[PDB]
Amino acid sequence: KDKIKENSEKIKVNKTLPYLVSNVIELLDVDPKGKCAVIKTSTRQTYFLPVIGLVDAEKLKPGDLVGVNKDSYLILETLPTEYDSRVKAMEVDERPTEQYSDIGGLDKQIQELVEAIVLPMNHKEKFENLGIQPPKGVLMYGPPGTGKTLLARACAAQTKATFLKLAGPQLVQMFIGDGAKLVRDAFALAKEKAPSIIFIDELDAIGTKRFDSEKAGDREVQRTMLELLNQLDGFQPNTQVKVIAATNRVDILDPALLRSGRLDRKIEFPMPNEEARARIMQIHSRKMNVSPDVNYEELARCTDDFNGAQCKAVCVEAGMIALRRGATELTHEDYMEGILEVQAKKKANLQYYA
Amino acid sequence: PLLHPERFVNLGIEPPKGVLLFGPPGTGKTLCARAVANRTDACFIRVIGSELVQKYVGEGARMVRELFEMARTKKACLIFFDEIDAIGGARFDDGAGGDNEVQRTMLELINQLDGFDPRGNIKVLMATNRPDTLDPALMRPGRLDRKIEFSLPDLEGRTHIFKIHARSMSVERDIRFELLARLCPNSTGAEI
Amino acid sequence: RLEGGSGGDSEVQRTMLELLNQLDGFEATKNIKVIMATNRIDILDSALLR
Amino acid sequence: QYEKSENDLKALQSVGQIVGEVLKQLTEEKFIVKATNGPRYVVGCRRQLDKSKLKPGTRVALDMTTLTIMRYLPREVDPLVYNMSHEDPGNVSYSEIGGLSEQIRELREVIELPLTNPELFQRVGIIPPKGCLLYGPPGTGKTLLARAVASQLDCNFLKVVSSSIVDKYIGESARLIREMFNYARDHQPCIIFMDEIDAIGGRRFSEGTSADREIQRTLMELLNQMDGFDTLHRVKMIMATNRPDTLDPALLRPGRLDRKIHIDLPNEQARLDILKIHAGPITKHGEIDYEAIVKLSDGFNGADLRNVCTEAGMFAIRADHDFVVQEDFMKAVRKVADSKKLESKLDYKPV
Amino acid sequence: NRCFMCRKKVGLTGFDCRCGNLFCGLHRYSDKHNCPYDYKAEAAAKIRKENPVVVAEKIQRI
Amino acid sequence: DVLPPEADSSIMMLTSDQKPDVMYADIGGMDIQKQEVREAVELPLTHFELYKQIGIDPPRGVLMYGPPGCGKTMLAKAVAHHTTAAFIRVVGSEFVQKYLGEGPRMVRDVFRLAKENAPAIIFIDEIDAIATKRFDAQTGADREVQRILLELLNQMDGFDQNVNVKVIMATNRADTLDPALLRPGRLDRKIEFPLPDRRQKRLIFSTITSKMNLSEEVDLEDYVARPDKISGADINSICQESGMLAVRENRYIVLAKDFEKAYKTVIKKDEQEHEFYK
Amino acid sequence: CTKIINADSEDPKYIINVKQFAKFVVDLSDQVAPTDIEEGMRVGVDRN
Ligand SMILES: Nc1ncnc2c1ncn2[C@@H]1O[C@H](COP(=O)(O)OP(=O)(O)OP(=O)(O)O)[C@@H](O)[C@H]1O
Ligand SMILES: Nc1ncnc2c1ncn2[C@@H]1O[C@H](COP(=O)(O)OP(=O)(O)OP(=O)(O)O)[C@@H](O)[C@H]1O
Ligand SMILES: Nc1ncnc2c1ncn2[C@@H]1O[C@H](COP(=O)(O)OP(=O)(O)OP(=O)(O)O)[C@@H](O)[C@H]1O
Ligand SMILES: Nc1ncnc2c1ncn2[C@@H]1O[C@H](COP(=O)(O)OP(=O)(O)O)[C@@H](O)[C@H]1O
Ligand SMILES: [Mg+2]
Ligand SMILES: [Mg+2]
Ligand SMILES: [Mg+2]
């Protein structure tokens, strides 16, 4: 026990804090007879060490990150692999709250989503007793004002798997490459956190029908996008990540994007017919002091060709309008005036009618 | 809402963070910008619309990242855009080889404007002379909420602007300006 | 001309600017001339040198 | 544990070495070498390195301080390769796929046969082919076929996305191709696979952007080291794309790209066959009319029919009937077929 | 799997309202089940947390 | 100390054994330009004072260009097999490392070795990767590339007009290049490898078909009549396809059907027309 | 000056790059508190 005390004591001394990181380039084995390896430091220098150090040859593999002594150039630590800093930004940490009672006028689509994603995350035995497969990739398309962000932030708000975001233009990088690096780092990141869902918005910005395209632009975009396709479906499939995407216009995309397995289910979003309008207005008219003589059906039938956003906006403007006169509750006339403001009335003299 | 975050709580509403100005030139938008910036009491940030177009890909977006970063850092800060027509006016694709990069940048302004974990305490003021050739995505409310326009003074706005541009100068005690503005049926404050 | 202008100056149009720096002097030729023969005549800054 | 402590005690006093290459032997003890990161030096072996093995271009290990040759080592390890060498997991043989057995056999003559029985090529006296291309609509199983083929060897197969090759530096990309063909030169029966050439492929540009020049140089390295000066042996090139029309004709001429294999949508019998393929491991009833489903089945990828099998199971999960009825098949067929109102321009002319 | 406003069995097309109850597509709205929750107060509280009380530069330090 | 002049090179010439095994008579049907180049290089080692008495000024370098697969390298690959001078093959784009001036440093390394060794032959394949015309940009690249252009011209202009150093370059696109290479003194002999004719098709068919068994019931000229705009490498693909065809038939002898299938495979993808145009 | 990547457990054990020099596993000096050293941060470090 004294001896082990002394040896460990020396170990503390010669195992100091500052280390120079490097890469495990490969391993070998020389005969007269154990293992061996070769390393490249962060200083662009290669070193050959016959004695490995305070690590395990079986644990180490080609292309690893390790803490190495500066002077001795000896392996002293095994470092957890990191990703690009931009990748670290893509992580989600807030976990907002958008429970399904908040969203309206999209029951069917909601069912088709919770089917494709929620159930696979919860009851795999149901998918196995019948036993075929879970789907692969869900897409949201339609008019911009129909509400596509709501399902994303809501479902992420409810689920507890590793939700991971992504923006369209972010994949575009200054230097060529950097999209293949970025996306691959992302997918590996979700791999590290097997309960993993990735969202992508404005997918049209990267997904575009290629053609005889000249000097710039596309000449990296389709490279990154192709990295997306291959890293998504095909070579070495996986089941520990689910993909949600959303766009506005569909016609720019490529076939390989929407083939049948890169994006499994297609969900269109039609605008509120009548009761979706009336009820959405009834939903943002939840936090406002309302005079209880108000017909949301009148409101709907007078609100024509709006979206969830605009229907929200009218309910917004009405409160300030009543705040003009300092009233507390609201009036149907208030909603009417807010409708007028939202509609962007032009002028007068339109009086030679009737 | 800024100087009185009380009424909107006592009634339970959210202010329309997105304002666009428009109308004929030489009318009082710039002036409104500078005046609001006078009592801004906030990290007001100018933005010149053409400053974003650049030679390399994505770098303009990289601007936008730092923009919304300094925004989120500086609590209660204002942003002004001006003649945003250069950014994302249309999505010209019949012969899809025209403008694409500032379209992507415009998309970045889309996302970092709204979507996925909203910004918090930020206000956006824009203004253009031709608010007619813009991508409807910006036209969606929530982003561009109010559409305030500045018109041409019928007879009396020109009178009062005679009182604005004629006041800060040396003249005799025999003033009269209604006679003047009745003589200029169509003239702006700048011409005043 | 300034096509390779603000984006690096190309090291050549500047030397051209020194050329015009010298031509904008006083010679009257006296008995000295300078000939030039070139294709691609629609790119240079001959407006100033007219 | 005391034994482990002694192990680390011995492990403490081991210092690394510098890695370099042997340029030329000046004399019996004078050598010209170069550090991998820059300049060059004049060195000597110890006594008993067996200097005959030292040749111009070999790699050696140098002493850090004394700066002399110690333990000359084999070739290097090209980290754009190990991630594409021991990476692909196993796969079912080509028995899983179907409907294109003509092509299935057809690739066998260009790849498997010429190495297994090279005698016949010599008897008739004709050199075997060199490189093959795969093209067709997405989801025809292009990647899948290569998966089955690589599933045979699983050890002597390199795979490439043809998109992770780019970088931030000026060179550093062609060199990757170099060491790829040099490792593939090392192992004799090497199979190279490159998907989606159209990223790196291109055709040509009339002096566009400089990054275009980096790309085109990176391709011309392929054009060289495909035919070039050094011929190749047992080096098979498999290419995959969607539209061949956007490629370089110089790359498309025979010799480099020997044979162009055409993949197309399934016929009626092919659709029935793949349908039977995915229909295997499915808890159902003895009621399946594959024929009607194929009858409504018009122009669907293997992944498409896979999608049909998925959706039918979805309807089965609807109402929680653990079995599978036949009608859910036709319903899912109607849905999936309806979903193809967004895919135009699926064909591309060859070349 | 069933609703509470009409006992109609559903399954996976049910709803999870703030009040902890499941509903069918007809009764998912808070006005079709008398939701006893102060949406207005969670109002006056969220806006108060997201609203930055601006301060005109005055009476700062010493 | 002063080292041997050939020590610091980092690159070697054609090694003592790497002859490509391509006979000079192996290339069937390139009599004009093969022999023409052979005098273009080797002849100015045996006939020099004619160049002084008449005045010929043998060009320092030569350029080859043509469609992709007209035997462009198939010729340089053979000349190295049947010569004795020093030979150094050169990739088009190997000098593009991300360092500062390693390109021009490598050009110095090469031409110093060429001058050093003997009368030699420097071959640069795919010069189109470098010899552009467009301009000098500034990101991190066109500096390093174009400076190596300048190094190439600098050490390309001033050898001595006496050292037997033969420069051979070749690509397929003889258009996207700087005419600074198109100067008297740098490059004079310009040679294209156009497509063959009926006769050269016959020669290539003789040379190619001369290897296989070839059962005598196959008429070679019958396929020769079909013009079809074929490149030279296409023929080899033809005999390959027919050969592996008969092999697929489990047969060690070729018949005409393998050739019908031959043009039905390679010559296929030729017909798309709308009759009403004419 | 250098840039931070991440930290470790029970201890700082900070992973940092300089800008282009090299990446190290370094620790804070005693002049600082182990609170305001969050990741993605530009921090001044001793040269020795
Ligand atoms: N049915 C609805 N209920 C509530 N809000 C809605 C509804 N439809 C649209 N919205 C509003 O739309 C706003 C976000 O825009 P939307 O989700 O329509 O797509 P977007 O603006 O194009 O962004 P994305 O790129 O995420 O689609 C939200 O603030 C939300 O309030
Ligand atoms: N009502 C007014 N009162 C005082 N000054 C005015 C008025 N209208 C216009 N002006 C003057 O005319 C000029 C034009 O006004 P402003 O800059 O707001 O127009 P603008 O829309 O920004 O111009 P543009 O459309 O060309 O960008 C201002 O500098 C201002 O001094
Ligand atoms: N005269 C000929 N006789 C026989 N075969 C020929 C002849 N000319 C060309 N070929 C064929 O063409 C091939 C020569 O390679 P190729 O001409 O493609 O090289 P290259 O033109 O340098 O290629 P690239 O310039 O596109 O890199 C040989 O495999 C050969 O079968
Ligand atoms: N005959 C088939 N049997 C089974 N799966 C198939 C078949 N054809 C296509 N697929 C499916 O479609 C996908 C084909 O993708 P891939 O070969 O990469 O095409 P692309 O490169 O055009 O995307 C595979 O993942 C596979 O699951
Ligand atoms: Mg949205
Ligand atoms: Mg203005
Ligand atoms: Mg060649």
Exercise. Just in segment A:284-347: which trypsin sites (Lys or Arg not before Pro) are loop by DSSP and have at most 13 other Cβ atoms within 10 Å?
Worked result: A:325, A:345, A:346, A:347
Exercise. Mind checking which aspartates and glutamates have their C-alpha under 12 Å from residue F:77, skipping anything on the same chain fewer than 8 residues away?
Worked result: D:227, D:230, F:21, F:26, F:125
Seminar exercise, completed: re segment F:3-93: pairs of Cα atoms spaced beyond 15 Å account for a percent value of 69
For this session: Compute the projected area of the convex hull of the Cα atoms of segment B:108-192, averaged over all viewing directions, and report it in nm² to one decimal place.
Result: 8.7
Exercise. In a shell of Cβ-Cβ distance under 9 Å around residue D:336, excluding residue D:336 itself, what net charge do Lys and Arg (+1) and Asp and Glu (-1) give?
Worked result: 0
For this session: Quick one: grab Rg to one decimal and Dmax as a whole number for chain F, Cα atoms only, in Å.
Result: 22.8, 82
For this session: Search the structure for amide H atoms under 5 Å from the amide H of residue D:41, placed 1.01 Å from N in the peptide plane, and list their residues when 5 or more places away or on another chain.
Result: D:33, D:34, D:35
Exercise. Any idea what the alpha-carbon Rg over 2.2 N^0.38 Å comes to for segment F:167-278?
Worked result: 1.46
Exercise. Which residues in segment E:12-29 have a backbone N closer than 20 Å to a point placed 7 Å from the Cα of residue E:41 along the Cα-to-Cβ line?
Worked result: E:17-21
Exercise. Amide H to amide H, which residues 5 or more places from residue D:24 or on other chains are under 5 Å from it, using H placed in the peptide plane?
Worked result: D:32
For this session: Pop the C-beta distance of residue B:164 and residue C:6 into the FRET formula with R0 = 30 Å and round what comes out to the nearest 0.05.
Result: 0.15
Seminar exercise, completed: Most exposed to least, judged by fewest other Cβ atoms within 10 Å, G:35, D:241, D:231 sort to G:35, D:231, D:241
Problem set entry | Percent of C-alpha pairs per 10 Å bin, chain G, short to long | 26, 62, 12
Problem set entry | Exposure proxy order (Cβ contacts within 10 Å, fewest to most) of E:27, B:4 | B:4, E:27
Exercise. How large, in Å, is segment B:64-130 by the Kirkwood hydrodynamic radius built from its alpha-carbon pairs?
Worked result: 13.4
Problem set entry | Cα centroid separation - segment D:48-93 against segment D:177-212, whole Å | 23
Problem set entry | In sequence order, calculated HN-Hα J values of segment D:45-52 (Karplus, 6.51, -1.76, 1.60; Hz; x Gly/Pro) | 6, 8, 9, 10, 7, 6, 4, 4
Exercise. DSSP loop chymotrypsin sites (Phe, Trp or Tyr not before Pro) in segment B:69-173 with at most 14 other Cβ atoms within 10 Å of their Cβ, which ones?
Worked result: B:92
Seminar exercise, completed: A correct Stokes-Einstein calculation for chain D, using the alpha-carbon Kirkwood radius, 20 °C and 1.002 mPa s, returns a whole-number D in µm² s⁻¹ of 87
For this session: Consider just the alpha-carbon atoms of chain E and return their Rg together with their Dmax, both in angstrom.
Result: 20.5, 68
For this session: For each pair in D:130/F:269; A:312/B:147; B:29/B:163; D:349/F:201, compute the distance between the two Cα atoms and list the pairs where it is over 23 Å.
Result: D:349/F:201
For this session: For segment E:1-56, compute the number of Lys pairs whose alpha carbons are separated by less than 24 Å, excluding pairs fewer than 8 positions apart on the same chain.
Result: 4
Exercise. Mean projection of the alpha-carbon convex hull of chain A over all orientations, in nm²?
Worked result: 33.3
For this session: Read phi for every residue in segment B:5-11 and hand back ³J(HN,Hα) as whole Hz from Karplus 6.51 cos²θ - 1.76 cosθ + 1.60, θ = phi - 60°, with x for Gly and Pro.
Result: x, 10, 4, 5, 7, 5, 10
Problem set entry | Point-charge dipole on Cβ atoms (K/R +1, D/E -1) for the protein assembly as shown, about Cα centre, debye to 20 | 1620
For this session: Please arrange D:283, F:83 by counting, for each residue, the other beta carbons lying within 10 Å of its beta carbon, fewest first.
Result: D:283, F:83
For this session: Apply the membrane-span-like helix rule to chain B: whole DSSP H runs, Cα extent along the own long axis of at least 24 Å, mean Kyte-Doolittle hydropathy at least -0.5. List the helices found.
Result: none
For this session: Select from B:192, B:152, B:175 the residue farthest towards the positive end of the dipole of segment B:140-192; place +1 on Cβ of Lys and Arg, -1 on Cβ of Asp and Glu, and compute about the Cα centre.
Result: B:152
Exercise. P(r) tail for chain C, what percent of Cα pairs lie past 16 Å?
Worked result: 52
For this session: Convert 25 °C to kelvin, take the viscosity as 0.890 mPa s, use the Kirkwood radius over C-alpha pairs of the protein assembly as shown as Rh, and evaluate the Stokes-Einstein diffusion coefficient in µm²/s, rounded to a whole number.
Result: 66
For this session: Work out Dmax and Rg for segment F:218-278 from the C-alpha atoms and quote the Rg first, both in angstrom.
Result: 13.7, 47
Problem set entry | Student exercise, chain A dipole from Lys, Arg, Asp, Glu Cβ charges, in Debye to nearest 20 | 1020
Problem set entry | Number of partner chain Cβ atoms within 10 Å, mean per residue of A:302-315 | 2
Problem set entry | Near-label residues of segment F:228-270 by backbone N, under 12 Å of a point 7 Å along Cα→Cβ of residue D:119 | none
Problem set entry | Bins of 5 Å, starting at 0 and running to the largest distance - Cα pair percent for segment D:178-237 | 4, 15, 25, 23, 15, 11, 5, 2
Problem set entry | Those residues of segment F:82-97 whose amide nitrogen sits under 11 Å from the label point placed on residue F:24, 7 Å along Cα→Cβ | F:82-84
Exercise. Could you give the nm distance between label points at residue F:178 and residue C:28, where each point is 7 Å from its Cα heading toward the beta carbon?
Worked result: 4.4
For this session: Based on a Kirkwood Rh over C-alpha pairs, give the Stokes-Einstein translational diffusion coefficient of segment D:223-341 at 25 °C and viscosity 0.890 mPa s in µm²/s.
Result: 141
Exercise. For chain D, what is the percent of antiparallel DSSP beta bridges, rounded to the nearest 5?
Worked result: 45
Problem set entry | Per principal axis, descending, Cα span of segment A:98-244 in whole Å | 50, 37, 24
For this session: Compute the normalised compactness of chain B: alpha-carbon radius of gyration over 2.2 N^0.38 Å, N being the residue count.
Result: 1.25
Exercise. Between their Cα atoms, which of D:142/D:284; D:34/F:98; A:1/D:10; A:160/A:191 are more than 22 Å away from each other?
Worked result: D:142/D:284
For this session: Would you mind checking the tilt of helix F:31-41 against the longest principal axis of the Cα atoms of chain F, expressed as 0 to 90 degrees and rounded to 10?
Result: 10
Problem set entry | Other-chain or far-sequence residues with amide H under 5 Å of residue B:44's (modelled H) | B:78
Problem set entry | Mean Cα-pair separation over length for segment B:142-192, i.e. relative contact order, pairs under 8 Å, 6 or more apart, % | 54
Seminar exercise, completed: segment B:50-161: relative contact order from alpha carbon pairs under 8 Å, six or more residues apart, as a whole percent, is 33
Exercise. Once the other residues with Cβ under 12 Å from the Cβ of residue D:164 are scored (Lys, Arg +1; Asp, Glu -1), what is the net sum?
Worked result: -2
Seminar exercise, completed: Here segment E:24-29 yields Karplus 3J(HN,Hα) values (6.51, -1.76, 1.60; θ = phi - 60°; whole Hz; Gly and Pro given as x) of 7, x, 6, 9, 4, 6
For this session: Grab the other residues whose beta carbon is less than 14 angstrom from that of residue D:153, score K and R as +1, D and E as -1, and report the net.
Result: +1
Exercise. Just from its helices, what would the mean residue ellipticity at 222 nm be for chain A, if runs of 4 or more DSSP H residues each count -39500 (n - 2.57) and the sum is divided by every residue, rounded to the nearest 500 deg cm²/dmol?
Worked result: -10000 deg cm²/dmol
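FYI, it's all coordinate maths here, none of it is from the lab. Cβ coordinates were reconstructed from backbone atoms using ideal geometry, including for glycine residues, and neighbour counts include every protein chain displayed.
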